[PDB]
Amino acid sequence: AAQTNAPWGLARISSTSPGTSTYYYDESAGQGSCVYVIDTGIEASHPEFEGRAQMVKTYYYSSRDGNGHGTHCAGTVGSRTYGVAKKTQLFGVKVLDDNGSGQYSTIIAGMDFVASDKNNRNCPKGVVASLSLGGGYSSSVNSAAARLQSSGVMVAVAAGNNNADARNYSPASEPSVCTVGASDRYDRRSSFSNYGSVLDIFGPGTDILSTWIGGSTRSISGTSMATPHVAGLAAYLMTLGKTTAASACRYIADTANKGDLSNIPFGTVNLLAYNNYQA
């Protein structure tokens, strides 16, 4: 399948070169997979989600996304126009308040929630969790992310936006999950992207168009935006049967575009997520 005039990041993940604008992908499109977006919520009523999104948990007075961040990330995973995996099922877990903040105890509870809640959902092709959040190093936060991964969920986490070594941030620094840095449309490391040996992969993160609250759209930047590209890619590849939740991060690294990014610090992987789709 081909989506013309796609957001640059979608085109990038199906291309061996920057500078194109059509996204190519197998029509299975993540059908039969599920992606949890652990964030500020999801505006599931947005036409872009087509009834495939739902809120399943909140720790606050509402499950609604009063911020937009979670809706944007969910759109990059799986919206019809802005999403990588256009037929996946999206499940929202609101661990962040409408200011975008959350306590680590709540975030940990949300991760353990997903590890159990997947047993209440129909995801025959597999389960992914996208975590566009983080703060300073916490062994308890890292352990929660490790549990979620161990339970059979492909965990993708943002590297962080400090232009610093991600070893000092959580859950970015957890070795067993997939830690995602950000790149721009010219294949440069995004100016704010964290780096370091704990990164597994880069995805598009600068000037990413996706869904927003109020049935709208906007373009924003962050490792928060790169992470759902990788989460959606994992769901897509799991639906194709090419990999599993336990092996998808390694598979994405195996099949990535290699050595094509600029300003990658020595010791950080130079790997850009790529779907290897041959139309």
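Residue numbers count from 1 along every chain, following the sequence as written rather than necessarily the entry numbering; any residue without coordinates is not displayed. Where side-chain values are given, they derive from all heavy atoms of the structure, hydrogens and water being excluded. Residues with missing side-chain atoms are left out of burial classes, side-chain pairs and their counts.

Looking at the entry header, you'll see X-ray crystallography listed as the method and 1.03 Å as the resolution.

Caption draft 1: View of helix α2 (residues 69–78). Burial here depends on accessible area, computed with a 1.4 Å probe over protein chains only, as a share of the maximum for the residue type. Under 20% is buried, over 50% is exposed, and the range in between is partly exposed. Here a strand is any run of E in DSSP of at least two residues, a helix any run of H or I of at least four, and the numbering for each starts at the N terminus. Among the 10 residues in α2, 10 count as buried, and that is most of the element. Listed as buried for α2 are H69, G70, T71, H72, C73, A74, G75, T76, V77 and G78.

Caption draft 2: Spatial organisation of the state of the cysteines. Here, two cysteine sulfur atoms that lie within 2.5 Å of each other are counted as a disulfide. Counted under the stated rule, the structure contains two disulfides. Here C178 engages in a disulfide with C249; their sulfurs sit 2.1 Å apart. The chirality of the disulfide connecting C178 with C249 is right-handed, given an S-S dihedral of about 75°. Within this pair, whereas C178 is found in strand β10 (residues 178–183), its partner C249 is found in helix α6 (residues 248–254), the two being separated by 71 residues in sequence. The pair formed by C178 and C249 is uniform in burial state, with each residue classed as buried.

Caption draft 3: How the structure looks around the pairing of strand β13 (residues 216–220). Two strands pair under a simple rule: DSSP has to find at least two bridges between them. Two strands pair when backbone bridges link them, and strand β12 (residues 208–212) and β13 are joined in this way by five bridges, in the antiparallel orientation. Bridging across to β13, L209 finds its partner in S219.

Caption draft 4: Summary view of empty space enclosed by the protein. Of the pockets and cavities examined, the largest cavity occupies roughly 40 Å³. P7, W8, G9, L10, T76, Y82, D207, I208, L209 and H229 together form the lining of the largest cavity. Contributing elements (two or more residues each) for the lining of the largest cavity: α1 (8–13) and β12. The element contributing the most residues to the lining of the largest cavity is α1, with three residues. All residues other than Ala, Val, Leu, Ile, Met, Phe, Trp, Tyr, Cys, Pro, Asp, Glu, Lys and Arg, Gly among them, are scored as polar; the first ten of these are nonpolar and the last four charged. For the lining of the largest cavity, the per-class residue count stands at six nonpolar, three polar and one charged. Both site types are read off a 1 Å grid over the protein atoms alone. A 1.4 Å probe that fits but cannot get out defines a cavity, while an open set with protein on both sides within 12 Å along at least five of seven lines defines a pocket; lining residues have an atom within 4 Å of a point. Grid points are joined across faces, edges and corners, and a volume is the space filled by probe spheres set on the points.

Caption draft 5: The arrangement of the UniProt feature "binding site: Ca(2+) 1" in the chain in detail. UniProt positions are given in the numbering used here, feature names are shortened, and annotations may be inferred rather than shown by experiment. Following the UniProt record, one finds the feature "binding site: Ca(2+) 1" at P175, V177 and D200. With the annotated positions falling across 26 residues, the maximum pairwise C-alpha distance of 9.1 Å places them together in a single cluster. Cross-referencing the annotated residues with the lining of the second largest pocket gives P175, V177 and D200. You can see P175 is positioned in the loop between β9 (169–170) and β10. With a relative accessible area of 66%, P175 lands in the exposed category. The residue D200 is located in the loop between β10 and β11 (201–204) in this model. When residues no more than four places from it in sequence are discounted, the contact partners of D200 are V177, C178, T179, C249, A253, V269 and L271. Side-chain polar atoms of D200 contact the backbone nitrogen of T179, separated by 2.8 Å. Every residue pair with non-hydrogen atoms within 4.5 Å of one another is taken to be in contact. The definition of a polar contact used here is a pair of N or O atoms within 3.5 Å, where within protein one atom must be able to donate a hydrogen and the other to accept one, and adjacent residues in sequence count solely through side-chain atom pairs.

Caption draft 6: Structural detail: the nonpolar core. Of all hydrophobic cores here, the largest spans 44 residues; its most connected members are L90, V128, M154, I201, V230 and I252. Looking at this core, the elements that each hand over two or more residues are α1, β3 (33–39), α2, β8 (153–158), β10, α5 (223–239) and α6. Considering every element that reaches this core, the biggest residue donor is α5, with 10 residues. Ignoring any residue separated from it by four or fewer positions in sequence, one finds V128 in contact with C34, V35, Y36, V153, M154, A231, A234, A235 and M238. Residue types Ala, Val, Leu, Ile, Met, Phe, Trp, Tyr and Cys, when buried and joined through side-chain atoms within 4.5 Å, form a set referred to as a nonpolar core. Of all hydrophobic cores here, the second largest spans 27 residues; its members include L96, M111, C123 and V177.

Caption draft 7: Structural view of the packing of aromatic side chains. The pairing test for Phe, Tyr and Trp rings, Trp by its six-membered ring, is centres within 6.5 Å, and the orientation test on the planes gives stacked under 30 degrees, edge-to-face over 60, and tilted for anything in between. A full pass over the atoms with the stated rule returns two aromatic pairs. Plain terms: the ring middles of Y36 and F91 are 5.1 Å apart, the flat faces sit at 50° to each other, and that makes the pair tilted. Of this pair, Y36 sits in strand β3 while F91 sits in strand β5 (residues 89–94), placing them 55 residues apart in sequence. For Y36, a relative accessible area of 0% gives the class buried. The exposure class of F91 is buried, given its relative accessible area of 3%. Seen from the ring of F91, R121 lies directly overhead, with NZ or CZ sitting 5.4 Å from the centre. Note on criteria: charge over ring means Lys NZ or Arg CZ within 6 Å of the ring centre, with the direction from the centre no more than 35 degrees off the ring normal.

Caption draft 8: View of helix α3 (residues 104–117). In a helix, the anticipated span is given by 1.5 Å times the number of residues less one. Taking 1.5 Å per residue, 14 residues should reach 20 Å; α3 reaches 19 Å between its end C-alpha atoms and fits that length. The set of residues buried in α3 consists of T106, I107, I108, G110, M111, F113, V114, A115 and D117. Looking at the packing, one finds that the buried side of α3 touches β3, β4 (53–58), β5, β6 (126–131) and α4 (139–150).

Caption draft 9: Summary view of the pattern of salt bridges. Salt bridges are defined by distance alone: a side-chain nitrogen of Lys or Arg within 4 Å of a carboxyl oxygen of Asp or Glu. Overall, the coordinates contain seven salt bridges when judged by the stated rule. A salt bridge links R147 to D112; its shortest N-O distance comes to 2.8 Å. Of this pair, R147 sits in helix α4 while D112 sits in helix α3, placing them 35 residues apart in sequence. By relative accessible area, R147 is classed as partly exposed at 36%. One salt bridge connects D184 with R188, and the closest N-O pair in it is separated by 2.7 Å. Residue classification places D184 among the buried residues on the basis of a relative accessible area of 9%. We classify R188 as partly exposed; its relative accessible area is 40%.

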